Structure formats: C-alpha cells, structure tokens
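Right, one structure below, let's go through it.
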Amino acid sequence: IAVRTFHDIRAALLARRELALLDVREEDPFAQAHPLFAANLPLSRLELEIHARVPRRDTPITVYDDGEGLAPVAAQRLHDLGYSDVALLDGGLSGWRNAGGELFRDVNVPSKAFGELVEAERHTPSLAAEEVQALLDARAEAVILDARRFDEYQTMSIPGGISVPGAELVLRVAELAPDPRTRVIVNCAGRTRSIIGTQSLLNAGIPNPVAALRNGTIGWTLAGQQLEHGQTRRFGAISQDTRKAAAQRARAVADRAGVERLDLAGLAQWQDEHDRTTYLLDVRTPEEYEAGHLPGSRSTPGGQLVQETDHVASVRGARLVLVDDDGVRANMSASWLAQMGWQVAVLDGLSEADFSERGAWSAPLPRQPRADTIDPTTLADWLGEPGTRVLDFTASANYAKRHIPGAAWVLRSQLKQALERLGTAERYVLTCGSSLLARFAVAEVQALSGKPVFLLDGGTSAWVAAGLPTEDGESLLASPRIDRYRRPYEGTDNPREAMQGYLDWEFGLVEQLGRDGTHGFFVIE
Ligand SMILES: O=S([O-])[O-]
C-alpha cells in the first residue's frame with residue numbers, strides 16, 4: 001500500500017489519466033466535505049460495488065477518510081480483492097485541505113456544478129415559481145415536465161406536471177407538446193436536472209418556447225404554492241415519425257459535443273484494451289432494460305447517469321459507451337457527459353437481436369466468503385431465550401421500516417464500537433435484506449467477539465417470507481445513523497432553511513469550480 005498526495009491526484013486529473021479517488025467514510029460525513037472528483041464508496045459496502053465502479057484491477061486507486069482508521073482497512077481489502085495499485089491519500093481529507101485543495105459538500109457535485117456552469121454560459125431560460133403559477137391560473141397552453149426519476153415525481157410534483165426523466169425529454173416532447181406555440185417548462189426538485197433538461201431541448205432545437213421552473217419543487221414550496229403528491233402522469237410511446245426527427249437532432253448535438261461513434265466490433269476492441277476502463281451503459285428506462293439488454297451492460301437511465309455520474313463512472317478519466325434503441329437518448333446523454341469532460345461513445349448499428357440478455361442487472365461480485373447459516377424458524381426458537389444477538393446490516397432507513405424483533409442496527413464500518421455497546425452474547429446472528437452484506441461481515445464479527453457467529457439464511461426477507469413477526473422504528477441503534485445524507489431536494493419534510501441553503505450552495509458552485517481548476521468542463525454553443 002503506497003501513499004499518494006494531493007499533487008499526485010491533481011497531476012493525474014490534469015493529464016486526464018485514469019484514477020479512482022475513493023472516500024471510504026459513510027455518506028453523511030462524505031457529504032460534509034470531499035474533493036470534487038472523489039467518489040463515495042463506504043468501507044461498509046466496498047466489496048459489493050468495487051468491481052462495477054472500478055473494474056480495472058490495476059487502476060490507480062487512492063482511498064481516504066478523515067482519520068477514522070477506515071482508509072488503511074479499505075486499502076488492505078482492496079489488495080486482497082486483487083487490486084494492484086492501491087494507495088492512501090497523504091494526510092487524508094485534512095491533507096487535501098492543507099495542500100490547498102478545494103473541498104465540496106453535498107453529493108454528485110461534478111454533475112450539479114456542471115449544471116450551474118451550463119446556465120452561467122448559455123443563460124438557460126427560467127421562470128419564477130410565481131410566473132408558472134400565474135400561467136396555471138391563466139389556463140395557459142403549457143406543459144410542465146418533471147425530469148427526475150418517476151419515484152421522485154410521485155413523492156411530490158408541480159400541479160399538472162408530467163413525468164419525463166431527463167434523457168427522455170428530446171425523445172418524447174413532440175408527443176407531449178405537438179403545437180409549437182405550447183410552452184415547455186422543465187422542473188426537478190432543485191435546479192440541476194431542470195437546467196440540463198431545458199438546455200437539452202434548446203440544443204436539440206425544438207420550436208416551442210422552453211424554460212426551466214426556477215428552483216423546482218423547493219422553489220414552489222418557498223413561494224408558498226401547493227405541491228401535488230402520488231401523481232401518475234407520464235410520457236407515452238411515440239410514433240416512428242417523431243423518433244426519426246428527434247434522432248437526427250440528437251445526433252447533431254452529439255457530433256457537436258465530440259461524442260465518438262462505435263459499432264459492436266469497436267466496442268469489443270475497447271474492452272480488449274486492458275489499459276483502459278470501459279463502462280457499457282444502457283440509458284433507456286428500467287423496464288426496457290429488463291425486457292432486453294446487451295450482455296455486459298448496466299442499467300443507468302440517461303437523466304440519472306448525467307445527474308449521478310460518480311455513482312457509476314467512479315474512475316475519472318475512464319471511457320463510456322452508451323446504449324439505446326431510439327437514436328436520441330444515448331446521443332443526448334453522451335453530449336452532456338462529453339461536456340463534463342468524459343471520453344464517451346454511442347454504440348451504433350444495434351439491432352433487436354443484440355438486446356438478448358433479460359432481467360435485472362447482476363452486479364459483479366468478488367468471491368463470497370464462507371459462513372455457517374441458520375434458518376429463520378431456528379432463529380425464532382433461539383430468540384425465545386436470552387443470549388442471542390441479532391445484528392442488522394441493512395440501511396438504517398430500511399431497518400426503521402421493518403426488522404426482526406430485537407435486532408440491533410449497526411454500521412459495518414463501526415463494528416468494534418457497536419459490539420462493545422451491545423455487551424456480550426453467547427452467539428451472534430447477522431442479517432440484512434438478503435444476507436448478502438451480512439455475509440461479508442461474518443469474519444470481522446468473529447474476530448472482534450471471539451464468539452459463535454451465524455448468517456441468517458436469506459436474510460430479513462426470508463424471515464418475513466416465513467410469516468414471522470417484525471418490528472419497526474429505531475428499536476435499537478448500536479451505531480449512529482450517518483449512512484445516508486439527508487438530501488434537501490428529496491422528500492417534503494426538509495425545513496425551509498435547509499432547502500434555501502441548498503440553493504445558496506449551488507449558487508456558489510461555479511466559483512468553486514474555478515478554484516479547483518481540474519474539471520475540464522466545457523459548454524457547447
Ligand atoms: O436536479 S434537481 O432535482 O436539483
């Protein structure tokens with residue numbers, strides 16, 4: 001395990017050499033401060049995502065934390081998983097700060113900062129919440145398209161809004177706003193996806209007057225206006241005429257942004273070059289993906305690939321190949337990734353036969369460690385007497401929703417502390433949604449406790465499937481709930497102060513990008 005400094009990372013970013021800068025702390029602390037291109041991969045779930053986010057075993061990986069002692073453990077596990085070029089960031093987070101490195105809060109910062117850059121450079125049109133409300137009061141001919149995931153749209157939405165995820169905008173707009181006089185308004189929860197969506201439509205050159213709802217659902221609430229909930233308005237299937245026209249416009253945008261082209265043979269060649277990381281991504285809807293997709297491809301709906309790029313393409317400097325079956329979605333998404341400095345190509349010449357693999361994406365995993373298992377009914381019997389400690393590794397949010405009675409929620413990254421707090425037990429039984437994450441924790445629990453440790457066969461899902469009783473709420477938390485950053489732009493229970501604070505934070509991103517100076521972003525037109 002070597003050591004790499006802020007300067008080593010900065011040099012690689014400027015030269016655009018592949019690298020993976022991983023913050024191994026939990027998400028909440030990550031969200032308080034981290035380098036622009038640092039990807040968050042909590043030590044707690046390192047093994048579950050590393051092979052997908054950093055596929056090249058010899059990729060220069062640099063892990064860090066802020067002194068918790070998580071980094072050295074992460075480095076060792078990576079070595080044992082087969083990664084040959086692992087290092088610790090000199091001084092950790094503080095080392096980066098002390099060297100003069102720029103630090104950012106929140107999540108998916110490159111994507112959000114880029115969004116602000118687009119508006120700053122192209123002056124992307126926007127309408128105040130009050131102006132849009134007036135249009136509604138005037139029964140104006142206008143459609144409001146929500147560019148977020150369908151589940152976000154269902155949580156809360158702008159009155160009359162229609163769900164049209166980011167990458168679907170250029171493809172579906174002609175069917176939702178056929179009259180060129182019809183105004184098209186794009187919204188999200190905050191600003192990012194609304195800016196990208198509005199500019200996507202302008203870049204594609206639609207005849208309709210377009211504008212982003214300024215500050216989205218957050219702005220709607222701050223304006224004292226009313227949101228709807230549980231809505232189901234959504235885009236529909238389009239005609240071939242609509243598709244062909246939009247595809248021509250999209251391809252032009254992609255060519256303009258420098259998006260590369262590839263055919264199946266070209267793809268195979270890239271995957272044959274072991275000196276580069278190549279992510280094969282399907283930008284269509286989840287439903288289409290599961291109905292049939294290219295072998296080796298991962299499902300990353302376009303709008304979200306552009307919004308949460310670091311969750312998938314964690315190796316900055318890597319190569320991306322996008323898949324779609326319409327000629328619009330991949331081209332548009334690629335144009336944005338190109339502007340965010342990514343080397344990206346769109347896969348051409350695909351036929352219906354190429355989408356042969358079916359079902360949900362199966363993430364690549366390392367060898368599964370061995371463990372002695374116990375059936376749900378046996379565990380129930382054990383719990384009839386004291387002495388059995390059940391540890392739940394699922395996300396704290398999931399735990400609060402439903403868990404095995406008496407189970408203690410824990411952070412895999414803080415097991416020593418959790419076990420001390422819980423006292424002693426005659427035996428431990430580990431669980432999680434399916435038992436997958438808990439299985440990777442067996443060895444550590446055995447080491448720290450020196451007690452018999454078992455894995456619940458099938459996890460909590462199996463327990464529930466057995467008809468056994470469950471308990472909800474924060475029954476017993478043996479670790480602090482820092483596994484998830486409370487995004488001010490998700491849900492409707494965030495205080496107005498936090499929501500306005502989120503907008504203020506985005507307002508300062510372009511200035512921060514200037515101070516960082518390693519992004520290489522550019523905005524076409
Ligand atoms: O992309 S929006 O929800 O901030």
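In the structure tokens, the first chain shown is A, the next is B, and so on; residue numbers restart at 1 for each chain, and ligands run from 1 in the order shown.
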
Selection: 7 Å around residue A:400, only C-alpha atoms, excl. self and same-chain fewer than 2 positions, as a list in words: residues 396, 397, 398, 402, 472, 473 and 474 of chain A

Mind dumping a table of every chain A residue within 8 Å of ligand 1, with the nearest atom pair and its distance in Å to one decimal, using only C-alpha atoms and all ligand atoms, sorted by chain and rising number, as a tab-separated table?
residue	atom	partner	partner_atom_place_in_ligand_line	distance
A:112	CA	ligand 1	1 (O)	7.6
A:147	CA	ligand 1	1 (O)	7.6
A:148	CA	ligand 1	3 (O)	6.4
A:187	CA	ligand 1	2 (S)	7.4
A:188	CA	ligand 1	3 (O)	3.9
A:189	CA	ligand 1	3 (O)	3.5
A:190	CA	ligand 1	4 (O)	3.2
A:191	CA	ligand 1	4 (O)	4.1
A:192	CA	ligand 1	1 (O)	3.8
A:193	CA	ligand 1	1 (O)	3.6
A:194	CA	ligand 1	1 (O)	6.0
A:195	CA	ligand 1	1 (O)	7.9
A:215	CA	ligand 1	4 (O)	7.4
A:216	CA	ligand 1	3 (O)	7.0
A:307	CA	ligand 1	1 (O)	7.0
A:489	CA	ligand 1	3 (O)	6.1
A:490	CA	ligand 1	3 (O)	7.9

Those of stretch 232-400 of chain A in DSSP helix (DSSP H, G or I), formatted as a VMD selection string: chain A and resid 240 to 257 264 to 272 286 to 291 302 to 307 309 to 312 329 to 339 352 to 354 376 to 382 396 to 400

Proximity to residue A:361 - best of A:107, A:432, A:173, A:291, only C-alpha atoms: A:291

Residue A:12 surroundings by only C-alpha atoms, 12 Å radius, close-in-sequence under 2 positions cut, as a list in words: residues 4, 5, 6, 7, 8, 9, 10, 14, 15, 16, 17, 18, 19, 20, 21, 37, 60, 61, 62, 315, 316, 317, 518 and 519 of chain A

Which of stretch 146-205 of chain A fall in strand (DSSP E or B), as JSON, numbers by chain: {"A": [146, 157, 162, 163, 183, 184, 185, 186, 187]}

Near-residue A:434 list (7 Å; only C-alpha atoms; drop same-chain fewer than 5 positions) as a list in words: residues 458, 459, 460 and 461 of chain A

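Distance check against residue A:454 using only C-alpha atoms: of A:504, A:102, A:511, A:372, the minimum falls on A:372.
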
Residue A:364 environment, 10 Å, only C-alpha atoms, sequence neighbours closer than 3 positions dropped, as a ChimeraX atom specification: /A:47-53,55,296,361,367

Any chance you can output those residues with N, CA and C atoms as a PDB file, in the first residue's frame?
ATOM      1  N   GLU A  47     -16.947  -4.128  -0.955  1.00  0.00           N
ATOM      2  CA  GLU A  47     -16.957  -5.348  -1.761  1.00  0.00           C
ATOM      3  C   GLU A  47     -18.151  -5.515  -2.695  1.00  0.00           C
ATOM      4  N   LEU A  48     -19.270  -4.887  -2.361  1.00  0.00           N
ATOM      5  CA  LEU A  48     -20.479  -5.004  -3.168  1.00  0.00           C
ATOM      6  C   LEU A  48     -20.489  -4.152  -4.436  1.00  0.00           C
ATOM      7  N   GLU A  49     -19.653  -3.119  -4.481  1.00  0.00           N
ATOM      8  CA  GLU A  49     -19.649  -2.229  -5.641  1.00  0.00           C
ATOM      9  C   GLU A  49     -18.321  -2.003  -6.350  1.00  0.00           C
ATOM     10  N   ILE A  50     -17.214  -2.328  -5.694  1.00  0.00           N
ATOM     11  CA  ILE A  50     -15.901  -2.082  -6.280  1.00  0.00           C
ATOM     12  C   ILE A  50     -15.666  -2.662  -7.676  1.00  0.00           C
ATOM     13  N   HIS A  51     -16.084  -3.901  -7.917  1.00  0.00           N
ATOM     14  CA  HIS A  51     -15.858  -4.499  -9.230  1.00  0.00           C
ATOM     15  C   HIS A  51     -16.647  -3.841 -10.354  1.00  0.00           C
ATOM     16  N   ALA A  52     -17.720  -3.139 -10.004  1.00  0.00           N
ATOM     17  CA  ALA A  52     -18.525  -2.460 -11.010  1.00  0.00           C
ATOM     18  C   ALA A  52     -18.049  -1.021 -11.206  1.00  0.00           C
ATOM     19  N   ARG A  53     -17.707  -0.346 -10.114  1.00  0.00           N
ATOM     20  CA  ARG A  53     -17.265   1.046 -10.192  1.00  0.00           C
ATOM     21  C   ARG A  53     -15.792   1.223 -10.572  1.00  0.00           C
ATOM     22  N   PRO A  55     -13.661  -1.499 -12.327  1.00  0.00           N
ATOM     23  CA  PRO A  55     -13.397  -2.809 -12.934  1.00  0.00           C
ATOM     24  C   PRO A  55     -11.941  -3.164 -13.244  1.00  0.00           C
ATOM     25  N   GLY A 296     -23.427  -7.611 -20.556  1.00  0.00           N
ATOM     26  CA  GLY A 296     -22.354  -6.797 -20.015  1.00  0.00           C
ATOM     27  C   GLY A 296     -22.721  -5.351 -19.749  1.00  0.00           C
ATOM     28  N   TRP A 361     -30.138  -6.089 -13.651  1.00  0.00           N
ATOM     29  CA  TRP A 361     -28.682  -6.112 -13.745  1.00  0.00           C
ATOM     30  C   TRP A 361     -28.096  -6.900 -12.576  1.00  0.00           C
ATOM     31  N   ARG A 367     -15.387 -13.178  -4.647  1.00  0.00           N
ATOM     32  CA  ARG A 367     -15.739 -14.481  -4.104  1.00  0.00           C
ATOM     33  C   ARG A 367     -16.512 -14.297  -2.801  1.00  0.00           C
TER      34      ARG A 367
END

Nearby residues (only C-alpha atoms) at most 7 Å from residue A:293, same-chain spacing under 6 positions excluded, as an MDAnalysis selection string: chainID A and resid 355:358

Prev. selection, C-alpha atoms, output as a PDB file, in the first residue's frame:
ATOM      1  CA  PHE A 355     -30.715  -6.911 -26.711  1.00  0.00           C
ATOM      2  CA  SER A 356     -30.598 -10.596 -25.776  1.00  0.00           C
ATOM      3  CA  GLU A 357     -29.944 -10.520 -22.016  1.00  0.00           C
ATOM      4  CA  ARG A 358     -33.062 -10.198 -19.857  1.00  0.00           C
TER       5      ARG A 358
END

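Using only C-alpha atoms, the nearest neighbour of residue A:330 within the list A:251, A:197, A:508, A:407 is A:251.
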
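Residue nearest residue A:176 within the list A:153, A:199, A:208, A:94: A:208 [criterion: smallest interatomic distance, only C-alpha atoms].
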
Polymer residues at most 12 Å from residue A:469, only C-alpha atoms, same-chain spacing of 5 or more positions, as a PyMOL selection string: chain A and resi 376-377+380+402-406+460-464

What does the file look like for those residues with C-alpha atoms, as an mmCIF file, in the first residue's frame?
data_model
loop_
_atom_site.group_PDB
_atom_site.id
_atom_site.type_symbol
_atom_site.label_atom_id
_atom_site.label_comp_id
_atom_site.auth_asym_id
_atom_site.auth_seq_id
_atom_site.Cartn_x
_atom_site.Cartn_y
_atom_site.Cartn_z
ATOM 1 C CA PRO A 376 -35.437 -18.226 10.089
ATOM 2 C CA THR A 377 -37.548 -20.678 12.114
ATOM 3 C CA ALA A 380 -37.048 -17.651 16.092
ATOM 4 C CA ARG A 402 -39.121 -3.209 9.295
ATOM 5 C CA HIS A 403 -36.754 -5.588 11.078
ATOM 6 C CA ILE A 404 -36.547 -8.802 13.077
ATOM 7 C CA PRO A 405 -37.791 -8.184 16.652
ATOM 8 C CA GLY A 406 -34.884 -7.350 18.946
ATOM 9 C CA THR A 460 -34.694 -10.491 6.784
ATOM 10 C CA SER A 461 -36.598 -11.096 3.542
ATOM 11 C CA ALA A 462 -36.606 -14.821 4.312
ATOM 12 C CA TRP A 463 -37.768 -14.134 7.876
ATOM 13 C CA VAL A 464 -40.643 -12.024 6.553
#

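Minimum atom-to-atom distances from A:35, A:29, A:91, A:42 to residue A:103 were compared using only C-alpha atoms, and the lowest value belongs to A:35.
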
Selected residue of minimal separation from residue A:338 among A:323, A:81, A:429, A:259, counting only C-alpha atoms: A:259

Gap from atom CA of residue A:430 to atom CA of residue A:82 - Å, one decimal: 26.3 Å

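When atom CA of residue A:212 is paired with atom CA of residue A:127, their separation reads 6.2 Å.
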
Separation of atom CA of residue A:170 from atom CA of residue A:260, in Å and rounded to one decimal: 19.9 Å
